[PDB]
Structures are given as C-alpha cells and as structure tokens.
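For reference, input-v6.pdb (PDB, C-alpha atoms (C1' of nucleotides)):
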```
MODEL        1
ATOM      1  CA  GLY G  44      60.426  34.238-107.152
ATOM      2  CA  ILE G  45      56.734  33.317-107.260
ATOM      3  CA  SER G  46      54.623  31.703-109.993
ATOM      4  CA  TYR G  47      52.027  33.929-111.663
ATOM      5  CA  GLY G  48      49.371  31.222-111.299
ATOM      6  CA  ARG G  49      47.604  30.856-107.948
ATOM      7  CA  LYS G  50      48.275  27.109-107.926
ATOM      8  CA  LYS G  51      48.448  25.684-111.452
ATOM      9  CA  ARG G  52      48.457  21.978-110.543
ATOM     10  CA  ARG G  53      45.533  20.677-112.635
ATOM     11  CA  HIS G  54      44.242  21.587-116.067
ATOM     12  CA  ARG G  55      43.018  20.108-119.356
ATOM     13  CA  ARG G  56      39.311  19.493-119.577
ATOM     14  CA  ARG G  57      37.775  19.454-123.060
ATOM     15  CA  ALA G  58      37.745  15.811-124.170
ATOM     16  CA  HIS G  59      34.028  16.110-124.994
ATOM     17  CA  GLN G  60      34.820  19.343-126.885
TER      18      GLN G  60
ATOM     19  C1'   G A   1      37.183  24.065-150.761
ATOM     20  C1'   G A   2      34.466  27.366-147.137
ATOM     21  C1'   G A   3      30.803  27.831-142.827
ATOM     22  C1'   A A   4      27.904  25.506-138.662
ATOM     23  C1'   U A   5      27.289  21.152-135.314
ATOM     24  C1'   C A   6      29.080  16.605-133.109
ATOM     25  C1'   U A   7      33.136  13.303-132.017
ATOM     26  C1'   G A   8      38.228  12.128-131.654
ATOM     27  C1'   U A   9      43.116  14.063-131.130
ATOM     28  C1'   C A  10      46.852  18.015-129.558
ATOM     29  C1'   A A  11      47.648  22.503-125.785
ATOM     30  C1'   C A  12      46.214  26.522-121.931
ATOM     31  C1'   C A  13      43.489  28.768-117.224
ATOM     32  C1'   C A  14      40.751  28.341-112.135
ATOM     33  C1'   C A  15      39.044  25.176-107.736
ATOM     34  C1'   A A  16      39.331  20.196-104.848
ATOM     35  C1'   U A  17      44.641  15.525-102.923
ATOM     36  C1'   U A  18      41.344  17.158 -94.993
ATOM     37  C1'   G A  19      39.474  12.725-103.680
ATOM     38  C1'   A A  20      42.686   8.246-104.645
ATOM     39  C1'   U A  21      47.587   6.264-106.326
ATOM     40  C1'   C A  22      53.206   6.814-107.613
ATOM     41  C1'   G A  23      58.056   9.690-106.762
ATOM     42  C1'   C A  24      61.303  13.435-103.762
ATOM     43  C1'   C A  25      61.724  16.164 -99.188
ATOM     44  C1'   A A  26      59.695  16.865 -94.310
ATOM     45  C1'   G A  27      56.327  15.182 -89.007
ATOM     46  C1'   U A  28      51.772  16.639 -92.669
ATOM     47  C1'   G A  29      53.735  21.870 -96.318
ATOM     48  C1'   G A  30      55.364  22.263-101.381
ATOM     49  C1'   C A  31      55.920  20.431-106.580
ATOM     50  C1'   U A  32      51.348  18.281-111.942
ATOM     51  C1'   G A  33      55.265  15.404-113.769
ATOM     52  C1'   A A  34      51.365  11.143-115.245
ATOM     53  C1'   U A  35      46.187   8.999-115.024
ATOM     54  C1'   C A  36      40.940   9.270-113.583
ATOM     55  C1'   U A  37      36.527  11.882-111.692
ATOM     56  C1'   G A  38      33.427  16.514-110.602
ATOM     57  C1'   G A  39      32.389  22.017-112.382
ATOM     58  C1'   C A  40      31.226  22.837-120.043
ATOM     59  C1'   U A  41      24.638  24.952-116.864
ATOM     60  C1'   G A  42      32.687  27.463-117.545
ATOM     61  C1'   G A  43      36.031  30.120-121.855
ATOM     62  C1'   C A  44      36.022  27.184-129.031
ATOM     63  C1'   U A  45      33.530  33.759-134.361
ATOM     64  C1'   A A  46      39.848  31.663-128.560
ATOM     65  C1'   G A  47      43.244  27.832-132.210
ATOM     66  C1'   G A  48      44.934  23.444-135.627
ATOM     67  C1'   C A  49      43.990  18.586-137.936
ATOM     68  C1'   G A  50      40.912  13.984-139.371
ATOM     69  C1'   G A  51      35.948  11.742-140.121
ATOM     70  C1'   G A  52      30.368  11.854-140.515
ATOM     71  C1'   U A  53      25.971  15.004-141.587
ATOM     72  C1'   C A  54      23.880  19.533-143.599
ATOM     73  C1'   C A  55      24.326  23.918-146.635
ATOM     74  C1'   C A  56      26.770  26.649-150.639
TER      75        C A  56
ENDMDL
END
```

Before anything else, please render the file you have as structure tokens.
Amino acid sequence: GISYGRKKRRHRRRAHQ
RNA sequence: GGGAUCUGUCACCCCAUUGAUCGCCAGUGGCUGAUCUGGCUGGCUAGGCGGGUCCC
C-alpha cells in the first residue's frame, strides 16, 4: 500500500568511513 | 591472532532534484535504478574484509 520510509530515494554516505 | 585509529571496498536510514543529467508516465506529481555534491560537527563497542601504524 505505502512504503514504510518517508521517501527513501537517496542513501549511502560513508566513503570516508 | 586480538583491540584501537585511518583509508579503501561492500550495504542500510533521513533531508534537498523549485541541485544537475538519463529513462518511463503526465502538463510539472511519482519512482533511486545509476553517478556526483552538501549534512559525519549524523549513527561504526551497529557489521564484514584487505593494507599501513601502534600495543599485547
């Protein structure tokens, strides 16, 4: 029906770790 | 071999596409599926692997 996430269109951000 | 730190690599969450590009649909809303940037002053005693350093 509806996704749990509010938007969930961008993620991944830890290249520098 | 273990622990800590850094880097690289592999995933997740939130916000911005009235930030840019591609694809589908449509008169402008939705979809991250890919890449980049900003917020790590955000969550790594939240995870795995490799290398360097230090310690044992």

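One finds atom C1' of residue A:44 at 22.0 Å from atom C1' of residue A:1.
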
- [ ] Using the chain letters and numbering of this document, enumerate as an NGL selection string the residues selected by the PyMOL selection byres ((chain A) within 8 of (chain G)).
- [x] :A and (7 or 12-13 or 32 or 40)

Write the residues of the preceding selection, restricted to C-alpha atoms (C1' of nucleotides), as a PDB file, keeping the file's coordinate frame.
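Written output follows (selection.pdb):
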```pdb
ATOM      1  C1'   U A   7      33.136  13.303-132.017  1.00  0.00           C
ATOM      2  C1'   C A  12      46.214  26.522-121.931  1.00  0.00           C
ATOM      3  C1'   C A  13      43.489  28.768-117.224  1.00  0.00           C
ATOM      4  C1'   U A  32      51.348  18.281-111.942  1.00  0.00           C
ATOM      5  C1'   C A  40      31.226  22.837-120.043  1.00  0.00           C
TER       6        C A  40
END
```

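A straight line drawn from atom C1' of residue A:56 to atom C1' of residue A:4 is 12.1 Å long.
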
Task: Separation of atom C1' of residue A:48 from atom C1' of residue A:9 in Å - done: 10.6 Å

Open item on the list: Calculated over all atoms listed in the file, which of the candidates A:3, A:20, A:55, A:15 has the smallest distance to residue A:38?
Closed with: A:15

Task: Given the PyMOL selection byres ((chain A and resi 52) around 10), the residues it picks as an MDAnalysis selection string - done: chainID A and resid 6:7 51 53

- [ ] Name all residues at most 12 Å from residue A:23 (count all atoms listed in the file; drop same-chain ones fewer than 2 positions away) and give them as JSON, numbers by chain.
- [x] {"A": [21, 25, 31, 33, 34]}
